[PDB]
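Q: Experimental structure and sequence below, a few questions after.
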Amino acid sequence: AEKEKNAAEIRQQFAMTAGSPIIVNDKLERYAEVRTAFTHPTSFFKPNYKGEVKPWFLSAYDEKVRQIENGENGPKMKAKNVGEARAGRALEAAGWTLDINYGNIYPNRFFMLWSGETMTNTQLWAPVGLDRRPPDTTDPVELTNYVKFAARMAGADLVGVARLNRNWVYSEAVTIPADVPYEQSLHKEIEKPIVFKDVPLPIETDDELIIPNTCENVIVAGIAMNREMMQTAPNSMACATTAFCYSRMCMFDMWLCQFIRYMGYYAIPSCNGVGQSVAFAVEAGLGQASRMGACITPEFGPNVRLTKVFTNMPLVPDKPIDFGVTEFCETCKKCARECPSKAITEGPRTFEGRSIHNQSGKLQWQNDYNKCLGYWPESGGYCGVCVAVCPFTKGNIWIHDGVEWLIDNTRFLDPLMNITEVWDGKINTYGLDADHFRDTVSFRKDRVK
Amino acid sequence: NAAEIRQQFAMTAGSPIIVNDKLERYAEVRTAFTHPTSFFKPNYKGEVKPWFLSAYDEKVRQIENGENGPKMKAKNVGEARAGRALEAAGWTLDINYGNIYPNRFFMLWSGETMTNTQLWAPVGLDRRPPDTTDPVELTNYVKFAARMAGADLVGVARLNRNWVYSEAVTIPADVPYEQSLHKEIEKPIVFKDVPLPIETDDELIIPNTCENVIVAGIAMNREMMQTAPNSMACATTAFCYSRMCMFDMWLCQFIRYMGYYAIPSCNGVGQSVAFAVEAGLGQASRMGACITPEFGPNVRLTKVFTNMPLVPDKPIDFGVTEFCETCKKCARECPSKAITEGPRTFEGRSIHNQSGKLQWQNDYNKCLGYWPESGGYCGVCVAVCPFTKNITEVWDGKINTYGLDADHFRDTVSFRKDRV
Ligand SMILES: Oc1cc(Cl)c(Cl)cc1Cl
Ligand SMILES: Oc1cc(Cl)c(Cl)cc1Cl
Ligand code: SF4
Ligand code: SF4
Ligand code: SF4
Ligand code: SF4
């Protein structure tokens, strides 16, 4: 008979021995955040459908407007009618409500404060003194159980702990000056170094963002996206599950940082800022790096967002996981074949970046992320076709042979041997799926060993 | 199958709340949280303070004494601290315990100044007339969005103005957060022939076109609520308040980007239990909460008011009134004897009740008096209610995302057939 799926068993079977799995060489340097395709001058500008050269997201806006006017949900994808086209973009736009300028990347601004002292919640609770009282727990075993329980309350579907590897922290962040109001933010972005110094608390000066040398650990959260909506990539409903999860990321960071602070430690939120989430996620054991470049998890494949929190709270690092992703990506190449911009390489992993957007000196599949971003104004969205077509995104993949768990190779056969229906179809709270939600149930035994 | 149950128990259309000719709209300042007769309570040292500051003093005393609640020893001081840290953190996205000030902080009545609206302005979704006016399609769209936005239950009713507060508790618009608690004022909520929700110096003005209310249920965690009146029940309460706030903002933005207006509220603007009953989420109960089939009373409520055309849901009758008539378990377990064992009447027991509607009349000042004593938000009534069915074992035990339970999460799956 069918053995019922056991995500905890799977993770136990594929756990590695301790050690960062990412292979590096001597040309590795920390990466300036301005180099990402979203921010770098070489990639920031893209034509719209009229050939006008604009900040890429404004050219994408032009395409969203054009699609609604033409009753489309995506490029050359007719909607049922204009109202359906409208509704998909309204859902997408609303999803971003708790996120600043697509990703919350500016450290210590708006929602990403490095201290809780000015927050309305901290002020309201100040008489209790939780943020000023020294820790009552220093045992990393108990702290790991407490903080992972809090992480699940705060909306994480996956949570893991790693020692902080500074190689993945940006050398300089993209931010804005502290006196710049929101309306000017996109016009006044600057770079600012992230440095590690012997100070008691995270602090920002006029010149530097300063992380204490005591900042030992990073807590990584996975925020699951909705399968039915992502499968509409590159059309509007994939944009909406992306957007809603960014606001879930923001709430997670703020909730968890406040818990850590109220336990007597400090905590730095980040969302898409501060450092490279995929590397932290790999080192914390959420999953493995992949050909497309995302972290692939056993529960969700790559169809999961990441955020992370940095802290001096003593914790027990989790073990990395190896469930064969590298070997499957070596032979699969579905994302590379389906990518509308041919951004994903079909070749082997190297240590040499394809362009300025890649960090050289770590072994990975090297993709052209200017090509990727170039497709976003064209399609009017955040694409996601690679996530949608990846076999690991199917809910389907795990089988038990009577002895152990394995991946069903039939899902990788190539070839295998609409948005109205999404709006009319299955949904549940936060877009989670009750057919698989058991996979992320947690007891103490799987929070800390 | 929960969708079958809810259809089995649908009533004919029509508000099930029985009223008489005495009913009048209720001033929000009359709640026990705010009213001058109930606001000040002694702490354990005998010092009279705002009730929540006296409750703070009890939380500190409990942590120092390694306790999770009144007369409830924790495993150690570390565990006691962790429960209060979790509770305090849960409130991160909530202003002064409930977001009641309308059109302040997170509860803005227009989206125009929000950072998300400004970023999206070149698309013009909030300026573009609606492309959809069909209430059937809009009901399906907005309910799908409500589930994305974190509602475990969602219902629609016509707006009954009887449950809208006659006057809100708020603060002047330019008062900074740090002075808010000391500068709360009353302000009338009125309905007028105006295009958009608007606030003047003198009035909060809701348009006469504001036809509908969308009510969301936000499920609390059963294991944590069963620790009431101890700290982990406080924590699931607190986290759900921040889920409420996110829900309101997300859904208001969706409705605005569809071409309509939307008023968020959380614990402000009007009486959530009455809206929830009229929208079919559940039935009124002896303790005074809305009892749902999926969660009993262990669910929080929030609501959004809009002119978006929608199809009202039917109220539901699955026998709560007859069950509460003979049960009385909440009344017997209540640590303050706040809940009556008598029959329902139209006359309130005190200023905190709205007279003129048939309900079990409870003494809510007695309830609030137990909160500084116990250092929390009690919830024993919710915990012991049959419809709802130590702290170290909770921290070491089962949990899942947002505190939801995969053993029951299938009950809130939704398809178009059950949305409209
Ligand atoms: O990570 C992202 C960054 C930006 Cl700038 C956009 Cl528009 C969308 C996504 Cl998903
Ligand atoms: O509704 C509430 C209001 C207040 Cl003021 C507190 Cl402290 C707690 C709860 Cl649950
Ligand atoms: S589609 Fe195939 S090659 Fe691409 S990331 Fe997924 S498994 Fe790897
Ligand atoms: S998001 Fe789209 S364009 Fe970018 S790599 Fe994936 S498939 Fe290619
Ligand atoms: S919250 Fe506690 S004190 Fe208040 S009515 Fe319920 S049982 Fe009684
Ligand atoms: S405990 Fe009994 S009387 Fe009280 S609300 Fe629940 S069912 Fe009704």
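A: Okay, I see it. Numbers count the residues shown, from 1 in each chain, chains lettered A, B, ... in the order given. Ligands and ions are numbered 1, 2, ... in the order given.
Q: can we go C-alpha only for contacts and neighbour counts from here?
A: Fine.
Q: Name the residues of the stretch 251-400 of chain A found near ligand 3, please.
A: A:290, A:291, A:292, A:328, A:329, A:332, A:333, A:334, A:335, A:389, A:390, A:391 (C-alpha under 6 Å from any ligand atom).
Q: Save those residues as a markdown table, and put in secondary structure, distance to residue A:247 and neighbour count too.
A: Formatted as a markdown table, those follow (DSSP: H, G, I helix; E, B strand; the rest coil; distance: C-alpha to C-alpha, whole Å; neighbours: other C-alpha atoms under 10 Å in any protein chain shown):
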| residue | secondary structure | distance to residue A:247 | neighbour count |
| --- | --- | --- | --- |
| A:290 | coil | 25 | 20 |
| A:291 | coil | 27 | 28 |
| A:292 | coil | 24 | 25 |
| A:328 | helix | 32 | 16 |
| A:329 | helix | 30 | 20 |
| A:332 | coil | 32 | 18 |
| A:333 | coil | 31 | 20 |
| A:334 | helix | 30 | 21 |
| A:335 | helix | 27 | 24 |
| A:389 | helix | 25 | 19 |
| A:390 | coil | 24 | 23 |
| A:391 | helix | 27 | 23 |
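Q: Just give me the closest of these to residue A:444.
A: Using C-alpha to C-alpha, the shortest approach to residue A:444 within those belongs to residue A:290, at 29.7 Å.
Q: number of nearby residues for residue A:402?
A: Residues lying near residue A:402 (other C-alpha atoms under 10 Å in any protein chain shown) number 9.
Q: Give the phi and psi angles for it, as a check.
A: phi 100, psi -20 (degrees, to the nearest 10).
Q: Compile the residues of the stretch 251-400 of chain A next to ligand 3 into a markdown table and extend it with columns for distance to ligand 1.
A: Formatted as a markdown table, these follow (distance: C-alpha to the nearest ligand atom, whole Å):
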| residue | distance to ligand 1 |
| --- | --- |
| A:290 | 18 |
| A:291 | 18 |
| A:292 | 15 |
| A:328 | 25 |
| A:329 | 23 |
| A:332 | 24 |
| A:333 | 22 |
| A:334 | 21 |
| A:335 | 17 |
| A:389 | 17 |
| A:390 | 17 |
| A:391 | 21 |
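Q: What distance do you get for the one residue in chain A that gets nearest to ligand 6 to residue B:402?
A: Taking C-alpha to the nearest ligand atom, ligand 6 has its nearest neighbour within chain A at residue A:429, 25.4 Å off. Plainly put, residue A:429 is 10 Å away from residue B:402 if you go by C-alpha to C-alpha, to the nearest Å.
Q: Also residue A:401?
A: Following C-alpha to C-alpha, the distance that separates residue A:401 from residue B:402 is 33 Å.
Q: What segments of the stretch 201-350 of chain A are helices?
A: A:227-230, A:236-262, A:277-283, A:325-331, A:334-338 (DSSP state H, counting those that start in this stretch).
Q: Can you tell me the element residue A:159 falls in?
A: Per DSSP states H and E: residue A:159 is located in strand A:158-163.
Q: does chain B sit close to that strand?
A: No: applying C-alpha under 8 Å from any C-alpha of the partner chain, one finds strand A:158-163 separated from chain B by no less than 8.6 Å.
Q: And for stretch A:200-220?
A: No: with C-alpha under 8 Å from any C-alpha as the criterion, chain B is not reached by stretch A:200-220; the gap is at least 14.6 Å.
Q: What are the contacting residues of that stretch?
A: Applying C-alpha atoms under 8 Å, 6 or more residues apart in numbering or on different chains, the contact partners of stretch A:200-220 are A:108, A:114-115, A:159-164, A:192-199, A:266, A:268, A:277, A:280-281, A:284, A:306-315.
Q: mind listing what's buried in that stretch?
A: Under the neighbour-count criterion of 16 or more other C-alpha atoms under 10 Å in any protein chain shown, stretch A:200-220 has A:201-202, A:204, A:208-212, A:214-220 buried.
Q: okay, among the residues you listed, which ones form the most distant pair?
A: Spatially, the most separated pair among those is A:208 and A:220, at 24.4 Å (C-alpha to C-alpha).
Q: Spell out the residue ranges of the strands in the stretch 1-150 of chain A.
A: Counting by DSSP state E, counting those that start in this stretch, the segments of the stretch 1-150 of chain A that form strands are A:45-47, A:53-55, A:72-74, A:77-78.
Q: Need the winner for burial among the ones you listed.
A: Among these, ranked by average contacts under mean count of other C-alpha atoms under 10 Å in any protein chain shown, first place goes to strand A:72-74 (a mean of 28).
Q: helices or strands next to that one in the packing?
A: Contacts defined by 3 or more C-alpha pairs under 8 Å, 6 or more residues apart in numbering or on different chains; DSSP states H and E place strand A:72-74 against helix A:82-95.
Q: do the helix it packs on and chain B meet at all?
A: Yes: with C-alpha under 8 Å from any C-alpha as the criterion, chain B is reached by helix A:82-95 at A:82, A:83, A:86, A:87, A:90, A:91, A:93, A:94, A:95.
Q: are any of those buried, and which?
A: A:82, A:83, A:86, A:87, A:90, A:91, A:93, A:94, A:95.
Q: Count the neighbours of residue A:179 for me.
A: Residues near residue A:179, counting by other C-alpha under 10 Å: 6.
Q: Okay, and it sits in which element?
A: Counting by DSSP H and E, residue A:179 is part of no helix or strand.
Q: List the backbone torsions phi and psi for it.
A: According to degrees, to the nearest 10, residue A:179 has phi -90, psi 10.
Q: what residues are up against residue A:24?
A: Counted by C-alpha under 8 Å, 6+ apart, residue A:24 has contacts A:351, A:361, A:362, A:363.
Q: restrict the residues of helix A:82-95 next to chain B to contacts with ligand 4.
A: Okay, of the residues of helix A:82-95 next to chain B, nothing touches ligand 4 (C-alpha under 6 Å from any ligand atom).
Q: what comes up buried for stretch A:187-196?
A: A:189, A:191, A:192, A:193, A:194, A:195, A:196.
Q: Which residue is the nearest non-sequential neighbour of the residue at minimal distance from the centre of chain A?
A: Geometric centre of chain A, nearest residue: residue A:306, 2.7 Å, by C-alpha atoms, centre = their mean. In space, residue A:306 comes closest to residue A:222 once its chain neighbours are excluded; the distance is 4.8 Å by C-alpha to C-alpha, 6 or more residues apart in numbering or on different chains.
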